[PDB]
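Observations on the model geometry
Residue-level listing of the chains:
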Amino acid sequence: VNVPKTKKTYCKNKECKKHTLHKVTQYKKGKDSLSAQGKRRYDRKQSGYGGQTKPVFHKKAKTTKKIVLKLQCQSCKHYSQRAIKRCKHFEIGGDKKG
Amino acid sequence: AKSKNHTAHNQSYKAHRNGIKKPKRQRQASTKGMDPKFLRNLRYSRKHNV
Amino acid sequence: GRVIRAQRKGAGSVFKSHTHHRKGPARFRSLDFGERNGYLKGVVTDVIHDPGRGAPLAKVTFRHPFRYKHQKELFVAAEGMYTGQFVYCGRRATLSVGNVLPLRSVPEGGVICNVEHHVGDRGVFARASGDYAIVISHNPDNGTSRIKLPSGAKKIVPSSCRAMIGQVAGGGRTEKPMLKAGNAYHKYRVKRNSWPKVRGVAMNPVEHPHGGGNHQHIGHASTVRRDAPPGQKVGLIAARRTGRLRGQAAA
RNA sequence: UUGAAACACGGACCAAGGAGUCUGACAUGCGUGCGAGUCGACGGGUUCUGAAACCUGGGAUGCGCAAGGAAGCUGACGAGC
RNA sequence: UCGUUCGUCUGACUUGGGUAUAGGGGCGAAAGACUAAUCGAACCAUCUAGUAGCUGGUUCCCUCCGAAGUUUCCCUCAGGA
RNA sequence: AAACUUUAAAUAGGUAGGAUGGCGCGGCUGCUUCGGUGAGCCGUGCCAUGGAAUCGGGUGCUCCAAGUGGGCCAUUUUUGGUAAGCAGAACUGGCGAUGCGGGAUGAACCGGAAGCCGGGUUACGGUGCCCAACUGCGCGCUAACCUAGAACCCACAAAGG
RNA sequence: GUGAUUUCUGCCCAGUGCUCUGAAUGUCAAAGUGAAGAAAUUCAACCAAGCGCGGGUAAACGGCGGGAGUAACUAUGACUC
RNA sequence: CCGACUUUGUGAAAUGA
RNA sequence: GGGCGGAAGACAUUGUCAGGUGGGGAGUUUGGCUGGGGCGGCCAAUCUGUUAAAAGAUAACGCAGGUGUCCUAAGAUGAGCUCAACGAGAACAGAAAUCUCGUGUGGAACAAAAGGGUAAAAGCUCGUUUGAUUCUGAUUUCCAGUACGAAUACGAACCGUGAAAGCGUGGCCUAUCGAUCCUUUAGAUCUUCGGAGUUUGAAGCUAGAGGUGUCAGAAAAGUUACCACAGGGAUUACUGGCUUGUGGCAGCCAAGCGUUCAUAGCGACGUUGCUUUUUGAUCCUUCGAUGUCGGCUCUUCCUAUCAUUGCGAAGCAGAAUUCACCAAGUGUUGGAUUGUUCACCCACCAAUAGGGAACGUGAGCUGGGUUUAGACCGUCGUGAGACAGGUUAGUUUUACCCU
RNA sequence: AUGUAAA
RNA sequence: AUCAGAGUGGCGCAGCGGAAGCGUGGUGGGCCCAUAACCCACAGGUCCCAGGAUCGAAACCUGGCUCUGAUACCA
Ligand SMILES: C[C@@H]1C[C@@H]([C@H](O)CC2CC(=O)NC(=O)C2)C(=O)[C@@H](C)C1
Ligand SMILES: [Mg+2]
Ligand SMILES: [Mg+2]
Ligand SMILES: [Mg+2]
Ligand SMILES: [Mg+2]
Ligand SMILES: [Mg+2]
Ligand SMILES: [Mg+2]
Ligand SMILES: [Mg+2]
Ligand SMILES: [Mg+2]
Ligand SMILES: [Mg+2]
Ligand SMILES: [Mg+2]
Ligand SMILES: [Mg+2]
Ligand SMILES: [Mg+2]
Ligand SMILES: [Mg+2]
Ligand SMILES: [Mg+2]
Ligand SMILES: [Mg+2]
Ligand SMILES: [Mg+2]
Ligand SMILES: [Mg+2]
Ligand SMILES: [Mg+2]
Ligand SMILES: [Mg+2]
Ligand SMILES: [Mg+2]
Ligand SMILES: [Mg+2]
Ligand SMILES: [Mg+2]
Ligand SMILES: [Mg+2]
Ligand SMILES: [Mg+2]
Ligand SMILES: [Mg+2]
Ligand SMILES: [Mg+2]
Ligand SMILES: [Mg+2]
Ligand SMILES: [Mg+2]
Ligand SMILES: [Mg+2]
Ligand SMILES: [Mg+2]
Ligand SMILES: [Mg+2]
Ligand SMILES: [Mg+2]
Ligand SMILES: [Mg+2]
Ligand SMILES: [Mg+2]
Ligand SMILES: [Mg+2]
Ligand SMILES: [Mg+2]
Ligand SMILES: [Mg+2]
Ligand SMILES: [Mg+2]
Ligand SMILES: [Mg+2]
Ligand SMILES: [Mg+2]
Ligand SMILES: [Mg+2]
Ligand SMILES: [Mg+2]
Ligand SMILES: [Mg+2]
Ligand SMILES: [Mg+2]
Ligand SMILES: [Mg+2]
Ligand SMILES: [Mg+2]
Ligand SMILES: [Mg+2]
Ligand SMILES: [Mg+2]
Ligand SMILES: [Mg+2]
Ligand SMILES: [Mg+2]
Ligand SMILES: [Mg+2]
Ligand SMILES: [Mg+2]
Ligand SMILES: [Mg+2]
Ligand SMILES: [Mg+2]
Ligand SMILES: [Mg+2]
Ligand SMILES: [Mg+2]
Ligand SMILES: [Mg+2]
Ligand SMILES: [Mg+2]
Ligand SMILES: [Mg+2]
Ligand SMILES: [Mg+2]
Ligand SMILES: [Mg+2]
Ligand SMILES: [Mg+2]
Ligand SMILES: [Mg+2]
Ligand SMILES: [Mg+2]
Ligand SMILES: [Mg+2]
Ligand SMILES: [Zn+2]
C-alpha cells in the first residue's frame, strides 16, 4: 500500500480550517517513559515477593497493524493523525504503478 | 445431550397471550430525526407567530 | 518428592561411624622442644588391629619430656615395625623405617607415610593400608618441600612438617575379592551403615531422580552440574568425561 | 425426571428434636407523623415499680431544597399545543 | 486365625531390654513398604458452621390467579444474568 | 435439475376502509421557489348520518418480583441416515401441570376439560357373555384339513400364484 | 550404573546434558565514572559470573537408512549405481 | 556461582589520568 | 627480650544489595463444542448459494465454497469508446502474433469466494485529483431492539471533478475486525498539582494506535493401573428395547449350465421378503453397583431336519447320493492343541445339525482369560507414564427370610 | 586392470 | 478408516511461475592388439492423469490414480 509524500487534506487548527497541504510520516510509538503513573504503579506492585502481578500477554493472533499517518500541514506546522486500514506492505511515496 | 437447542415452538403462543402490543397511535407524531433543515425552519416559524 | 538417601546422611541418625571398639585416634606425638631440636626414643609395645580400619596400629610408649610419667602414643603402623623396636622421633633422628622425621631430614626419593600438612597437624596424608608418599624435592629458600601423594596428586607442603619413614602396613589388602555379601556386610558393619546400596533406577520418583518408568532407565543425562541443589546433585557429580578409560585418559 | 407402580433411589414402626432466621446497605409497595422541611439517633436535665418515659440542642449533624463538568469554574431570566 | 503341605536353620541368623531418627519428616536389601488395626503424606485439636454451578430434605387448611424448557451474552452448556 | 429458470399456484404476509378528516379566511418561516411558487405551522370559521362484516372494555400506563431457560408425542412440510420408540428444523395442537368417558391395558390416539348433588340428553365407543345396550329389522360375500376374521394410532407382513 | 564365572563389549559428539579453555573488538546487572541539565533525571563509556562462540566426553541421556539393476536354465544376488 | 559496599588498617612499585 | 607456638592475611570470611542458575522445593493451570470421552476438525468471529417449506425468523460435526488480506489506485469525478465470441479478409503469418470491416443482450470485465448488478456503464483508455477529509448526532442490519463491525440518510464546514446539473464521508452491494486498565501520539498559546508564583515532570479532557482469532476480550503443560470427593444413567462399556445396513435364512422371473433339455439339480442380470444367535446405529431403563469371557453341571423349549419313522421326485437299474413333504418323539459321542466361543485334526457313530432361555446357569463351582496394586521385554514419550502388544503372581463374602 | 570354449 | 508425504531423463534424484538439470546410464569418435578405465563430443523427458486462475505452470488451488509413513485408546 502506497501513500503520497504530500496530500491535500483538512486542517482543523483554527487558523487553517481548510484543505491545506500536509506532509506524511508514519507513526512510531514513542519510547515508554519510566515516570508514567502506570509504571510507578507497576514497579511498586511488582516489588517484593509474589512474582508476576499483572498479566503478560502470550496468545498473539493478528499479523498486521493499523498504520497511523501523522499528517503535518505546512500552513501551521500542526500534526493530525489518521489511521489507514490494516496492511502488511506499506510505503509512503513509493514508485507509482506503471 | 446435544447442548444446542433452538425452537420456535410455543413462541407465538407466548407472544399472543399478552397480545401483539401495538404502541398507541399519537396525535403529533414525533419529529425526532426528521430533516434538521426543515426542523430549524419550523421552530423559527413557531417562534415568530403572532 | 521426599528427601533422598544421599541427603539423609547429614543428620547421623543411622549413618554415624560405628566407633565403639576403635582404639582412639591414630596420630603422632605433640610437636615440642625435644621432637623439634633432637630425638626421642620410643619403644613399640604392641601392634594392635584397629577395628574399622585397614591398617595395623602401633602403640608406642615414650617417656614424657618434662614430667615423670610415660606417654602411650598410638601411631599408624609402617610396614616393618615389630614389638620392642625403638622408633626415634625428632629432627636429628636417623632415617630408618618407623622413625618419624621432618621433611628437612628426608632426602629426595624417600618413601614416607602419615604426613603432616600444617606443621603439627599430627599426620594426615598416606595413612590407608599400603599407601605412601614420595618426597620429590626441597626448596630451602622457602623452607618448603614437595611430595607425590597416593592419588598421584603432587602437593607443596611446609618443610618442617613431620613424616613417618616407610609405607603403611597391610599393603595389598584390597587385592582380595570378598566373594560374599557376607564379607561385604562384615566389612561395612564396623565402618558405617552404607551398605547395601539400592540402584536409584529401581526406586520411585518421589525419592530418587532416576526412579520411575515402566522400564528401568535413568531418563536424562546421568551427569549433574557442580552447582545442582542437594537432592539433585546425584549421579556423576560434575563429570569431566565418562565411558571406560583408555590411553592417556587413565594416566 | 419428557416420562415412576417401576427391575430408579430413601422409607421396618413409634415418640421427641428438625430446615429461609438475625444483622447491614439498597430498592419498590403499603401505613403512620410531619411536610421545604424532617430526623434528638451521640450527649445533657430529669426519672419515687423502671435500662422505661418526658424535656432539652439544630444557627445549618444526615438526607432533602441545584445541577453540569475531569477540573478550574459556572450555576436554571419564569411555557405553549 | 486354624489344619495339613511347605522355606531356611551357624548364617547378610532368631530375639529381650536400653537407646537414636518424627510428618513433606523419619526409615526403607526399594514393595510407595513401615511410621500404634490409619500412609501415593500419620494422629489430635484449632482456622471451621472450609467451599460446592452437585445429591438429599425443606413442617397447617381453603380461595384466587397461574407458567417455562425459547432469544442474547458469559471458559458457557448440570450454571448465571 | 436443492445449490437452473421465462411462467408461476394454494397457504400464509403488508397496508387502507374517517371525527388524529376536509375546505374557506389571514398570519409566521432564519427552509424553498424566477415568483404566493411550494412545504410546513399558527389563529379563526365552517362542514363531515359515524363511512365494510362480526365481536369485545382495555397492558391503556407503570412498578416490584417468583419460577423457567434438560423437554417430549402427534398430522402435514422437511434435513442426515438403510432404518430407528434416531438426530436436527417449520406451522399448530396436546402431554408435561390433567383429571374424566372410549381405544382390553398405554402421558400425549378419539370425545372431552372438572366446584358438590338430583333429573334428562348426548360425544367417542358399542348392544352374544364377561359388561349397561338388540342373539333386532334387511341384503350379499366368506367355509379357513394355516390358531378363518374381527377397531384411527396399532402392534405389521410382501412380490407372486 | 551393570550384576558371579567364561567370551565380548562394535559405529555416532550432529541433538540434550556434563565439563574445559578465555586474545578480545558479541551480549551482559547493582555499584563506580564522565557529560547535559537549575535539579529530579537522561545519555554515554566501562561492565563480573552466565549465555554465545571454540574443544572433550557414549561402562553420559540416547541413536545406529532407503531405491534400483546384475551371474550363461530358473531362483537368489557375491557385484554396481 | 560470581560483582560491589562493609569489618578493611599500613607503604611500595608499575602502568591511566 | 611486656609477642603462647605456627600458617594464611587485610585476601578468605560476616552482613546488605546486585545478576545468572535453581522441578531440589512451593503455588497453580492444563478452554469449549462433540450422536460417551480421546485423537481429528472448527460447524466458537464470519460471508455467499442451498437446506428454509414463495413475507421475516429458522437448526445439525448438513451440503459447495470464502474471510484475518489486496489497493495513492483496483478511491472520486468527467470525457471518449465497447466487451467475449463468430464471419470474411491482409508479406513472411500456420490453430494462434498485427491490422480492417460486419454481426455481437453481455455469452467479457468489474482484486478475491458465490449470488446479485452494470453497456454513450458500475467495464476499457485518457485528463484532473484525494469525499480514503473535519464535528457530533440519527437510522438499518445482529439486537435484549445494548455494544462492536459494516452500511444508509440528512445537517454544519472545507474541497475534488464537470461547462453544469450533479457525483463523492473509501473499494458496485453482500465478510475482510476489537472492551476496561496500561502505554504512546494529535489538539487547545486548554485544566489541576489544593499556602502563593517562575519553572521541569506528572496528572486530565477529546480523538487515534499498541489486542485480546476461545474473536462481548483469564496470564497458564502432562500423568495417574497408587489415585480421591461430589455427582451423572443428561453420558460409555455387559444385558434388555426399537432398526436390520451388516450377519443368517427363504421366495418371484428365467440368460444360461445341466452332452439334446430353462425349472431332475442349479439358477446369472435383476427382485421380493423373513429372522434377532453375529456386527453396526441409537442412548430409552440401570452408574447411593443387576457381579462382566469361557468351561463343568443340569433343565427346558424352537425348527431354519443331521440321523431316526412314513412318503413323494430324479439325468432313482441295484448300491449310494441329491430335492422336497407330514414330521421336534428320540439321539447327536471320546480325545490332541488353545482360556478361548470359533477353529482344526484322530476315532467311533445311524448322526457326530443349528439354535433360544438377562449372549440360561459365580449366595452353583472354577478363576485359565480379562480387569487394580508387584515385575520383565518391545514400540512410543525427554519424563512421570501409555499400549484394542507379549509374560509371570495375583482374597471369588452372606441365605436362617418369602416364593 | 584384464585376455577364444571355438583345438 | 482417517491424516500426512512423494510421483521429474533409462535408474536414483535436484528444482522459488522467464520455461529443466545432477550423477549415472545410452549414442559417435579418440587411446589400446582388444575390452575396461581415461579424453573429447551427441540426444534426452507425455515434469503421475484432468481442469481452472495466473503477464507467465511441472510448481499455485482442486478432482482422479499408485505407493509409503503415522493414528486407530478407556471399556
Ligand atoms: C501490550 C498491551 C497488552 C494489553 C494490556 O496491557 C493488558 C491489560 C488489559 C487488561 O485486560 N487488564 C490488565 O490488567 C492487563 C493491551 O491493552 C494491549 C492493547 C497491548
Ligand atoms: Mg493516561
Ligand atoms: Mg518499596
Ligand atoms: Mg526483589
Ligand atoms: Mg438446552
Ligand atoms: Mg542398611
Ligand atoms: Mg556396590
Ligand atoms: Mg546395587
Ligand atoms: Mg519399581
Ligand atoms: Mg523427583
Ligand atoms: Mg526413572
Ligand atoms: Mg432419563
Ligand atoms: Mg422396569
Ligand atoms: Mg440418587
Ligand atoms: Mg431401603
Ligand atoms: Mg437541616
Ligand atoms: Mg393541556
Ligand atoms: Mg498356617
Ligand atoms: Mg533387637
Ligand atoms: Mg530392638
Ligand atoms: Mg500400619
Ligand atoms: Mg451450614
Ligand atoms: Mg463441613
Ligand atoms: Mg440434576
Ligand atoms: Mg435466571
Ligand atoms: Mg392479502
Ligand atoms: Mg418438570
Ligand atoms: Mg348425571
Ligand atoms: Mg347386559
Ligand atoms: Mg538383579
Ligand atoms: Mg551426538
Ligand atoms: Mg555434546
Ligand atoms: Mg551499571
Ligand atoms: Mg563475561
Ligand atoms: Mg511441583
Ligand atoms: Mg468437553
Ligand atoms: Mg464422539
Ligand atoms: Mg413461507
Ligand atoms: Mg424466507
Ligand atoms: Mg461515462
Ligand atoms: Mg448501533
Ligand atoms: Mg454533499
Ligand atoms: Mg471501482
Ligand atoms: Mg460503496
Ligand atoms: Mg483499540
Ligand atoms: Mg500541596
Ligand atoms: Mg465470546
Ligand atoms: Mg496436576
Ligand atoms: Mg507402583
Ligand atoms: Mg437382516
Ligand atoms: Mg442382508
Ligand atoms: Mg440414557
Ligand atoms: Mg451401573
Ligand atoms: Mg441399585
Ligand atoms: Mg442377581
Ligand atoms: Mg447386588
Ligand atoms: Mg418344519
Ligand atoms: Mg445365580
Ligand atoms: Mg489370573
Ligand atoms: Mg499390574
Ligand atoms: Mg526409549
Ligand atoms: Mg498391556
Ligand atoms: Mg489398558
Ligand atoms: Mg574379468
Ligand atoms: Mg561409446
Ligand atoms: Mg576401449
Ligand atoms: Zn494547519
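Residues numbered from 1 in each chain as written, not as in the entry; some residues may be left out. Chains lettered and ligands numbered in written order. Part of a larger assembly, values for the part shown. Heavy atoms only, no water.

Observations concerning the protein's contact with RNA strand I
The immediate surroundings of RNA strand I are formed by 74 residues, with A:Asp32, A:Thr64, B:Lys4, C:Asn214 and C:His220 found nearest. Separating a phosphate oxygen of RNA strand I from a side-chain N or O atom of A:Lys12 is a distance of 2.6 Å. Among the elements that make up the surface near RNA strand I, the one with the highest residue count is strand β5 (residues 78-87) of chain A (nine residues). Residue composition of the surface near RNA strand I, by class: 19 nonpolar, 29 polar and 26 charged. (Near = heavy atom within 4 Å. Polar contact = N/O pair within 3.5 Å; in protein donor to acceptor, adjacent residues only side chain to side chain. Helix = DSSP H or I, 4+ residues; strand = E, 2+ residues; numbered from the N terminus. Nonpolar A, V, L, I, M, F, W, Y, C, P; charged D, E, K, R; others polar.)

Digging into the sheet that holds strand β4 (residues 65-73) of chain A
All names here are of chain A. Taking strand neighbours across the sheet as the criterion, the four strands line up as β2-β3-β4-β5 in an open arrangement whose pairing is antiparallel. The sheet terminates laterally at β2 (6-11) and β5, the two strands that pair on one side only. For this sheet, the mean angle separating the axes of adjacent strands, direction not counted, is 45°. The pairing of β4 with β5 spans eight bridges and is classified as antiparallel. Each bridged residue has a counterpart across the sheet, and for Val68 the counterpart in β5 is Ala83. (Pairing = 2+ DSSP bridges. Axes fitted to C-alpha atoms, helices over the stretch in contact; angles between N-to-C directions.)

Let's talk about the nonpolar core
One finds C:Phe75, C:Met81, C:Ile112, C:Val115 and C:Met164 to be the most contacted residues of the largest nonpolar core, which totals 39 residues. Listed by contribution, the elements that provide at least two residues to this core are β1 (39-49), β2 (56-63), β3 (70-76), β4 (86-90), β5 (100-102), β6 (111-113), β7 (133-139) and β10 (162-165) of chain C. In terms of residue count, β2(C) provides more of this core than any other element does, four residues in total. When neighbours within four sequence positions are excluded, C:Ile112 is seen to be in contact with C:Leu103, C:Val106, C:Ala126, C:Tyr132, C:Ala133, C:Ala163, C:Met164, C:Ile165 and C:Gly166. If you look at the next biggest cluster of nonpolar residues, it comprises eight residues, including A:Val3, A:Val24, A:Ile67 and A:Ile84. (Core = buried A, V, L, I, M, F, W, Y, C linked by side-chain atoms within 4.5 Å. Buried < 20%, exposed > 50% of the residue type's maximum accessible area, 1.4 Å probe, protein only. Contact = heavy atoms within 4.5 Å.)

Considering the pairing of β1(C)
Both faces of the sheet carry side chains from a regular strand, because those side chains alternate between them. All names here are of chain C. Pairing of β1 with β4 involves five bridges; the strand directions are antiparallel. Within β4, the position partnered with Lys41 by the bridge is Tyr88. Taken together, the six bridges between β1 and β2 define a ladder with antiparallel strand orientation. Across the sheet, the residue bridging to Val44 is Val60, located in β2. Once β1 ends, the chain turns through six residues before running back antiparallel as β2, passing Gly52 with a positive phi of about 85°.

With respect to the arrangement of the chains
Regarding chain A and chain B, the two do not touch, and the least distance separating their C-alpha atoms is 24 Å. Between chain A and chain C there is no contact, and the shortest C-alpha to C-alpha separation is 22 Å.

A look at the packing of aromatic side chains
The geometry of an aromatic ring pair is captured by two quantities: the separation of the ring centres and the angle between the planes. Residues and elements named next belong to chain C. Inspection of the entire model under this criterion finds five aromatic pairs over all chains. With a centroid separation of 5.8 Å and 90° between ring planes, the pair formed by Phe28 and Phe75 is classed as edge-to-face. Of this pair, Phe28 sits in the loop between α1 (5-8) and α2 (33-37) while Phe75 sits in strand β3, and the two are 47 residues apart along the sequence. Judged on exposure class, the residue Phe28 and its partner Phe75 are both buried. Note on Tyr188 and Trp195: the rings are 6.4 Å apart at their centroids and 10° apart in plane angle, and the pair reads as stacked. You can call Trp195 partly exposed: its relative accessible area is 29%. Among the aromatic side chains, those forming a connected cluster through ring pairs are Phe28, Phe62 and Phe75. (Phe/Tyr/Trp six-rings, centres within 6.5 Å; stacked < 30°, edge-to-face > 60°.)

A look at the UniProt feature "binding site: Mg(2+) 2" (unreviewed entry) in chain C
Residues and elements named next belong to chain C. UniProt records the feature "binding site: Mg(2+) 2" (unreviewed entry) for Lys197 in the present numbering. By secondary structure assignment, the location of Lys197 is in the loop between α3 (181-189) and β11 (223-224). Judged by its relative accessible area of 56%, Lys197 is exposed. (UniProt positions renumbered as here; feature names shortened; annotations may be inferred.)

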